[PDB]
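The residues making up each chain are set out below.
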8 protein chains.
Amino acid sequence: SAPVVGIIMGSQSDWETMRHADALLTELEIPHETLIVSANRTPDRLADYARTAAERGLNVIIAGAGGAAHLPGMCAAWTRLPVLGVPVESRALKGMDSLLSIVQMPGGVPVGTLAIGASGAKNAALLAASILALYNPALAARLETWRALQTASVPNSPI
Amino acid sequence: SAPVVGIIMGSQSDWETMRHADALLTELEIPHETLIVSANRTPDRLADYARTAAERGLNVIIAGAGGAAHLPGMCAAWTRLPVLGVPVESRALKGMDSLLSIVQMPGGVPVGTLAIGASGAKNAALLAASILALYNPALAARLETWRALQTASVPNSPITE
Amino acid sequence: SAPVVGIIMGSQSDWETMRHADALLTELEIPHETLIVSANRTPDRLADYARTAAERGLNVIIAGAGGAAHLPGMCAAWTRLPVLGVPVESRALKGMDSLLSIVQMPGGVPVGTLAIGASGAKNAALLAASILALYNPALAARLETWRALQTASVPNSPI
Amino acid sequence: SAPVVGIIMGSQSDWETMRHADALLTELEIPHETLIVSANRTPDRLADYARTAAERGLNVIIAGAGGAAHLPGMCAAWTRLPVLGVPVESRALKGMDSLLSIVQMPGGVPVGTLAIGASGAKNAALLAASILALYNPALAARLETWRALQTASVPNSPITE
Amino acid sequence: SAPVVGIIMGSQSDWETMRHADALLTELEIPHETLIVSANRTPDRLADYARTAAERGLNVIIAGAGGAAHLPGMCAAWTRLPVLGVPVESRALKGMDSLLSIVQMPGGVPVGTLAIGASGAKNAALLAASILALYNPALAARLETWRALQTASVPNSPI
Amino acid sequence: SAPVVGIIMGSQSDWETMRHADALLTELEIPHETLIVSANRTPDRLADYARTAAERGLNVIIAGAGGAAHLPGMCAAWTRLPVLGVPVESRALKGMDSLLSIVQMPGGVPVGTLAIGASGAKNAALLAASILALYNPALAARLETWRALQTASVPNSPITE
Amino acid sequence: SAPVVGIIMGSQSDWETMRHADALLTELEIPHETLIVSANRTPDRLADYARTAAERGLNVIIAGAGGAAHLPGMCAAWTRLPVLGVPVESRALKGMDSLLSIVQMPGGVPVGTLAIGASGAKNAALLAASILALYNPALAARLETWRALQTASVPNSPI
Amino acid sequence: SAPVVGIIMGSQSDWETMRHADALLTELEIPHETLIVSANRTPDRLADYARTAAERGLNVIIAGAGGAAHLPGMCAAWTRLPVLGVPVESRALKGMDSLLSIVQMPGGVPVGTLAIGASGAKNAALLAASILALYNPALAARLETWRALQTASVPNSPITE
């Protein structure tokens, strides 16, 4: 029941993208929390969140943000837990700024980065699931089923 | 002694970059294997490697490749294990082709991507360590100490010569 | 009657783009098959398809995909046949990721790459036609006519 | 002895890159000619070359050029034969201008484009070989052997020094 | 009455952009011709056009095209006249491919390149006008008036 | 003697670039401090530095960092003082990642960004000087003289060898 | 009452973006002027404006422009005052041309550059406010309140 | 002897590139002047230069600058004469900033832009020559001969070593 994955995003505007991560975790029945935490507007909120994540029982953190996206990297700076980053598509630069701001972390503080947008949010949840599956047999089986259904469901010819 | 992390790369030319992942895992005392698997030249070798990774005891796979870097993504297509990708810097496009070819995986098949080059290789190892630390108290303690030392080792001022 | 060109695409979403390749081949009366094969979701389907392509009588394979587009390159990895790649326009990066993921193949495993989008799908079919024309006199004549009509049909002044 | 593949390039500076296409065709025993044809300096030479390629016995044309690389596209405008383009790396833009100038052909006039640089040149030759192999059993056998050897020659592990 | 400026474009699709060049020349009463000439679809038409331009009395050629835009460069290859190029905005790459394909001409065969899109078409006409003005006093005065009105008409505060 | 400008950078490797900001402030006689503060390795050090900057007497902060350059933006998140950012050139992406990571701050938390590299560092110092000059007549006079000399020192023609 | 901040933009088309800077300054009760000044169409207007800015009592200048954006840099060339630049999003290149044309100023003539678009306009006003706050206690308090409200108003969870 | 073309550049560092424009004009016997005019450091010098260019007898202006290259555009803002711009290659961004800062002029104020670097400088001179040739028969003959020689001088095949 207690969350094992924390999904945080820079603002309400990121929800359209991050809701895909939320839906996936719920689909795989992975207990999680979904919050808004701004690296630039609520720095102390982020510090406290990242710093106490492990103590609170979180295993993986999924962070999404756009533009000069500092949320994933700064979160990783305060926690020992694996942090996965989702570059949210920005208006002007289409998420290229989001992507470079997240993926280019210097050696020492990693952020597992996923694709720009919805695909990335969905994959961050799946990646978090694959991480949890390493020590949760029941979940591992549900993930196997999920991947199996995905593969088996691809049509053979276009409509 | 059995490896829990597998480091694979597209060619010997990728070693200059991937050796940093190898070195870090060894530093943290994480058993691992290091191999060359080409997505374009040895597709069947990749299929077999990725398909059997879980049953062989591997927990995480770190794949590095450059240019049209398909190695990480295709590995993830065959394994349920988390796959971390390292974009190896390319000559002309400076790893931008490597980066986009790895990070832009479509929804459904993830690849946790790190930075272009040596930093990405080192971080792939560190990310893998943080994953394993979730269920290995001893490793978790070593990682905590490693991160703590890194933070404490940062100088307060530059050597202004 | 048996297909000599195989058109494969990563998903139904690519059809809007790849249908142009299908239409061109049909226009030139080139027997072909149109299928959905995902490099990331159906890897074994792709392996089997590419591996057996030549045995099945295929001469050229046209593969289209977007984003981290691995379909053309992986197809080429399993077949000796010429593989032509169509970068499908992606939402965020407008097919630049698709393009680099396809065209930058390392020496040893080629993929003849065409333009991003519909133009590319249409040109992959035309390129496949020009390849088949080298050993099919009837088709060669139909291709000559097609190219001739294209050239002669260009207006001299804008409307 | 008659050439079946024609390799053309915009200038002597392109040879460093295009020589890889020449070497590969020779390796596979594919008769070919190698010439310099400038789309911007010798437009009429290009027109004549492309227009008469088919009647001269050529089956495939490999064109390499950099910067505002118009050579491949204009060659394709005049010939019905398949034209493969090699983006030669440029100084400032690292071949990105070369690549876009070649690959972005509008619908109706194709240019099968390969990677920027030496890899693209080698692959243009290999692609040309795979095309010719469709109607040349002997060549098809040589190509099959070549691809098979490439796959079998990939090392299993990196020389970790 | 005889045209002194030739406006050529790769296709009808470029008209939306090139019509701005046409309108400007008409505004400044500069005799010109507006035609469709495709470098890739009508290469011989282009060769003939560029080759005979000077003989026909043309002084400047304005060429617009998008994507792998070869029209301006190839036109310049066949004529000694100044050739100005307009990169037409492409669907996927927004004219970046158009721009690089036009502006990066190697030393020896120049193409005076203008901005991507409508602004570029309008400026190619103005640049052509400034060229003709060097030897046409009447036109030079009309151009001075045009530039003067532009400057004087800029509002001092936004509405 | 009390510093009114604080120059911070992510690592010793940034000094080669940031030393230009240091040199210029000293030239204009602007008291300042120069420190290394890592946004990713010493997040708490950054929080404390930025939070207390105003009370410590600082008026402007110049922050330089490369790659995933979060230092300027995070500093601005904690201080009400104007923060100027210098994108340090990165190896692979030539500072483009540095630039976008700094300049693209969302509405509400500004970072006045300068050019990539040494020019940006020098301009960050000059911008800081122009800010301080608004309420420091003596400095305003020195800056005016500096700008005037720069303009008067530009040669009229190139040394055509 | 006399303006202490001058907001200038290249054209009426930039207003949609620069109005955000105007609104912010008004919100913080910072006296300012909002004008249209084109570096390319009204160069002498710009020269006069920038040259006399300090004499007129201005403390900071916020300049916004798109495309080949020369307004901020040229303004800085004529004034000793701090000049902040706002890259306006362009149609084709989405403000990347605007951004590079503004931020890449050579050492010697600075321009404090903000993000592309509305965010940048809003931040230029806030940056100008933070500059004025250094010597205006009342304003400094209003800025503290503004930043405090921003931080406190961020929701904890998405809707 | 009076100059009909004016070549201006932002700094001595631009000469390495702009000297190619100077050399070509001299080759074609086109009288010209070469000066350094900084758009950012000597704005008034630029205003005066551009404003008086026509009355001084100049017919074409070739302006070269890099980075935030405002020189060509601002020159065009003050003169009715055609202005040709040469994007000087920049260190970090390889002239991309130079190119966009010059070519993207808004409708109403044109700058005929050439390629990044030496090729652009040479072509700016050639473009200027083609403009002047429209009303100078002697020059038109020299240009025709120059273009003809260029075309005739292209080798037919590469020196395959």
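Here the residues of each chain are numbered from 1 in the order the sequence is written, which can differ from the numbering of the entry; residues without coordinates are not included. Here every chain gets a letter starting at A, and every ligand a number starting at 1, in the order they are written. Values reported for side chains reflect all heavy atoms of the structure, with hydrogen atoms and water molecules removed beforehand.

1. A closer look at the interface of chain A and chain F
Residue contacts are counted whenever heavy atoms from the two residues lie within 4.5 Å of one another. At the interface, 23 residues of chain A touch 23 residues of chain F. Overall, the association of chain A and chain F removes approximately 2,100 Å² of surface from exposure, summing both partners, and the carbon and sulfur fraction of that is 62%. Considering only the side of chain A, the residues that lose the most area to chain F are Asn40(A), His70(A) and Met74(A), jointly responsible for 27% of the buried surface there. Any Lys or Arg side-chain nitrogen found within 4 Å of a carboxyl oxygen on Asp or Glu counts as a salt bridge. Between the two partners, chain A and chain F, sit two salt bridges. For the salt bridge of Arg51(F) with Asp44(A), the shortest nitrogen-to-oxygen distance reads 2.9 Å. Elements that contribute at least two residues to the side of chain A that touches chain F include exactly α2 (43-52), α3 (71-78) and α4 (96-103) of chain A. In DSSP terms, a helix is any run of H or I states spanning at least four residues, a strand is any run of E spanning at least two, and both are numbered starting from the N terminus. It is α3(A) that contributes the most residues to the side of chain A that touches chain F, four residues altogether. For this classification, the nonpolar set comprises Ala, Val, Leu, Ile, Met, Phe, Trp, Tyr, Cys and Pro, the charged set comprises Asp, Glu, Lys and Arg, and every other residue, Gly included, is treated as polar. Looking at the side of chain A that touches chain F residue by residue, the classes come out as 12 nonpolar, seven polar and four charged. Using a 1.4 Å probe, buried area is obtained as the accessible area two parts lose upon being combined, added over both of them.

2. Thoughts on the interface of chain A and chain B
Residue-level contacts link 41 residues of chain A with 40 residues of chain B. A buried area of about 3,200 Å², summed over both sides, lies between chain A and chain B, and 59% of it is on carbon and sulfur atoms. Contact with chain B buries area across many residues of chain A, yet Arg80(A), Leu134(A) and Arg147(A) alone supply 23% of it, more than any other trio. Here chain A is connected to chain B by two salt bridges.

3. A few points about unusual backbone geometry
Even without being a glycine, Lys94(D) presents a positive backbone phi close to 55°. Inspection of the secondary structure puts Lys94(D) in the loop between β4 (83-88) and α4 (96-103).

4. Considerations on the UniProt feature "domain: PurE" (unreviewed entry) in chain B
UniProt positions are given in the numbering used here, feature names are shortened, and annotations may be inferred rather than shown by experiment. Under the UniProt annotation, the feature "domain: PurE" (unreviewed entry) is placed at residues 3-154 of chain B. Regarding residues 3-154 of chain B, the helix share stands at 46% and the strand share at 16%, and the terminal C-alpha atoms are separated by 32 Å.

5. Structural notes on the arrangement of the chains
Without any contact between them, chain B and chain E keep their closest C-alpha atoms 16 Å apart. Contact between chain D and chain F is absent, and the least distance between their C-alpha atoms amounts to 13 Å.

6. What to know about the packing of aromatic side chains
Two aromatic rings, drawn from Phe, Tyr or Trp (for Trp, its six-membered ring), form a pair once their centres lie within 6.5 Å of each other, and the interplanar angle then sorts them: stacked below 30 degrees, edge-to-face above 60, tilted otherwise. Taken as a whole and assessed by the stated rule, the structure comprises eight aromatic pairs over all chains. Considering the side-chain rings of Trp78(G) and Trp78(H), the 6.1 Å spacing of their centres and the 85° angle between planes classify their relative orientation as edge-to-face. Linking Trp78(G) in helix α3 (residues 71-78) with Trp78(H) in helix α3 (residues 71-78), this pair reaches from one chain into another. Buried means the residue's accessible area, taken with a 1.4 Å probe over protein chains only, is under 20% of the maximum for its type, while exposed means over 50%, and partly exposed covers the values in between. For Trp78(G), a relative accessible area of 7% gives the class buried. For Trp78(H), a relative accessible area of 8% translates into the label buried. The residue whose ring lies beneath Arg56(C) is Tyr49(C), and the NZ or CZ to ring-centre distance is 4.5 Å. Placement of a charge over a ring requires the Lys NZ or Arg CZ to be within 6 Å of the ring centre, with the centre-to-atom vector within 35 degrees of the ring normal.

7. Here's the deal with the packing of helix α1 (residues 15-27) of chain D against helix α5 (residues 118-132) of chain D
Residue and element names in this part refer to chain D. Relative orientation of the contacting elements α1 and α5 amounts to 30°, with a least axis distance of 7 Å. By the criterion of interaxial angle, the relationship of α1 to α5 is roughly parallel. In the crossing of α1 with α5, the sense of the turn from one axis to the other is right-handed. Judged by residue contacts, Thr17, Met18, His20, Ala21, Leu24 and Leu25 of α1 engage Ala118, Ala121, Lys122, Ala125 and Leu126 from α5. Taken together, the residues of the contact of α1 with α5 sort by class into eight nonpolar, two polar and one charged. A fitted line through C-alpha atoms serves as each axis, taken over the contacting stretch for helices, and the angle formed by two N-to-C directions is quoted from 0 to 180°. What sets the label is the angle itself: under 35 degrees gives roughly parallel, over 145 gives roughly antiparallel, 65 to 115 gives roughly perpendicular, and the rest give oblique. Crossing chirality is assigned from the near helix's rotation relative to the far helix, an anticlockwise turn below a right angle marking it left-handed and a clockwise turn marking it right-handed.

8. What about the layout of surface pockets?
Within this scheme a cavity is a closed region of a 1 Å grid, computed over the protein atoms alone, that accommodates a 1.4 Å probe without allowing it to escape, whereas a pocket is open but has protein on both sides within 12 Å along at least five of seven lines; lining residues each have an atom within 4 Å of a point. Grid points are joined across faces, edges and corners, and a volume is the space filled by probe spheres set on the points. Estimates place the volume of the largest pocket at around 1,500 Å³. Considering the residues around the largest pocket, the lining is formed by 40 residues, among which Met96(A), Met96(C), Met96(E), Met96(F) and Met96(G) are closest to the centre. Those elements that provide at least two residues to the lining of the largest pocket are α4 of chain A, α4 (96-103) of chain B, α4 (96-103) of chain C, α4 of chain D, α4 (96-103) of chain E, α4 (96-103) of chain F, α4 (96-103) of chain G together with α4 (96-103) of chain H. Considered class by class, the residues forming the lining of the largest pocket number 32 nonpolar, no polar and eight charged.

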